[PDB]
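**Q** fold the stuff below for me.
(2 chains)
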Amino acid sequence: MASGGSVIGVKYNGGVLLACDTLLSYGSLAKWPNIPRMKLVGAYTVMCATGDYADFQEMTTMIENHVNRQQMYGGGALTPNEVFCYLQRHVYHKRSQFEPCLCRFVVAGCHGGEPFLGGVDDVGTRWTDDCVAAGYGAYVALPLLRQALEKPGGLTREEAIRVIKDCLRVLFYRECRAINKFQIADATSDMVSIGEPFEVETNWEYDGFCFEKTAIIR
Amino acid sequence: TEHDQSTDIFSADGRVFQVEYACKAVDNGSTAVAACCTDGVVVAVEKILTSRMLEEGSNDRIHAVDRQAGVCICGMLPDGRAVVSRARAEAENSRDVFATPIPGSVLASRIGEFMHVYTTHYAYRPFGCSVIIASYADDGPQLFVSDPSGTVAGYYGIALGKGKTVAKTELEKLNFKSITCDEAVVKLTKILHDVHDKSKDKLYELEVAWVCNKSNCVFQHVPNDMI
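**A** Numbering: from 1, shown residues only, chains lettered A, B, ... in the order given. Here you go:
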């Protein structure tokens, strides 16, 4: 029961960012620190999930195959919105058989210069929005992305990166089952691209963290 | 002469006449040629047009079965189409169950098996098409034909349909160790234009596809600016 932690995403002017770390855990064990968790689905779309990695693999396989087959047999290239709809129907169906997909998905993409971002949870709940997250992202990240998007006229690409990294840094600080190693995908100009892994700068040197002040007994 | 009404029956000479007759459909359909080259496979078919008011892309005889494989149906088109759906299920099966693009020899085997079975049951009839299979998977360029009997054979070059005896004579003058996908598109198109009968079929267009190293081993109709 290889399982993925937090995923986060944010829309900016011209596209959308999705980010996660490259770790699969098993309970508390950090088992694989070099797994690429994001999956390209078709021409415009990218998905990721928190939860059971086996259930993510199975569900994205099924989806990627529908999308590639539909395109190859004359039925055109499915869009983010269509992919998203099909995902939510299958999540729901499985819940309805009591054999759930124990994952929470975030889906992103760009078609017709309109960026998509939405979430689907394991009983089939779906929503779109300017910022979505799964895992401890929903508790730790969303308060920051939401504050950031309060500004009027929206976010530039660079301001969207800065705030994505601050969230990453807090996950790394406060989420147990994480690591300092992340990728970002960027949907923009009707195509998705996945970056190389990177690390964020952290702080550990405050005077209030020193040995004498944190000592339980003087 | 009751011996020719079901395909579940030998004749006294050991023939299966329902299968012969279905082969006659193919032999009176339109002419297709194909060539297995150094860098890929090329197929060309001649569509006899029943009407000047058809949109282009109507009654396509060439279909993709997988990223790397395609078929050209010669004979009755809707029969051919049922064969295309099975071929895709097979190709999908191989990726789903065995994680591999289907090999070309294996896909042709499975198509044959499928056409064979409609040669043995009183309740069905043989298919009235032959299927050219063009592939380029991990086994390299392959060109197979399956026919209504379910016989499958690999080829360097081939021709089916009414023009097929002349087309075969011209395909014999090629050189199959040298010839590329680019040269073949030219030569096969010339052969379909020469075996074409102008008295009988006034309206036609050519369809032509390929799977080569150029196309990044993807089966696809050739871009229309190359004829």
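**Q** drop to CA atoms for contacts and neighbour counts, all remaining ones
**A** Will do.
**Q** can you pull out the strands in chain B?
**A** With DSSP state E, the ranges of strands along chain B come out as B:32-36, B:40-48, B:62-66, B:69-75, B:129-137, B:140-146, B:152-154, B:157-160, B:204-212, B:220-221.
**Q** closest one to residue B:87 among these?
**A** Evaluated with CA to CA, the strands of chain B place strand B:62-66 nearest to residue B:87, the distance being 6.2 Å.
**Q** ok, the closest one near chain A or not?
**A** Yes. On the criterion CA under 8 Å from any CA of the partner chain, strand B:62-66 is in touch with chain A at B:64-66.
**Q** hey, which helix is longest across chain B?
**A** Of all the segments of type helix in chain B, defined by DSSP state H, the longest one is helix B:77-98.
**Q** re earlier: by neighbours, which of the residues of strand B:62-66 next to chain A wins?
**A** In terms of neighbour count, residue B:65 stands highest of the residues of strand B:62-66 next to chain A at 26 neighbours, by other CA atoms under 10 Å in any protein chain shown.
**Q** that residue against residue B:81, yeah?
**A** No. With contact defined as CA atoms under 8 Å, residue B:65 does not reach residue B:81; the gap is 11.1 Å.
**Q** in contact with the closest residue to residue A:160 other than its chain neighbours, which residues?
**A** Nearest non-adjacent residue to residue A:160, counting by CA to CA, 6 or more residues apart in numbering or on different chains: residue A:12, 6.4 Å away. By CA atoms under 8 Å, 6 or more residues apart in numbering or on different chains, the contact list for residue A:12 reads A:154-157, A:160.
**Q** what residues does chain B have near chain A?
**A** B:64-67.
**Q** go again using 7 Å as the cut-off
**A** Residues of chain B lying close to chain A by CA under 7 Å from any CA of the partner chain are residue B:64.
**Q** okay, and the beta partners of the residue most central in space within chain B?
**A** The residue lying closest to the centre of chain B (CA atoms, centre = their mean) is residue B:132, at 2.3 Å. Beta-bridge partners for residue B:132, by DSSP bridges, are residue B:72, residue B:145.
**Q** who are the contact partners of it?
**A** By CA atoms under 7 Å, 6 or more residues apart in numbering or on different chains, the residues touching residue B:132 are B:71-73, B:144-146.
**Q** ok, of these, which one's closest to chain A?
**A** Proximity of the contacts of residue B:132 to chain A (CA to the nearest CA) peaks at residue B:71, which lies at 12.6 Å.
**Q** how about the nearest residue to the closest one, chain neighbours excluded?
**A** residue B:133 (4.7 Å).
**Q** count the residues that sit near that neighbour.
**A** 29.
**Q** cool, and residue B:86?
**A** When neighbours are defined as other CA under 10 Å, residue B:86 has 15 of them.
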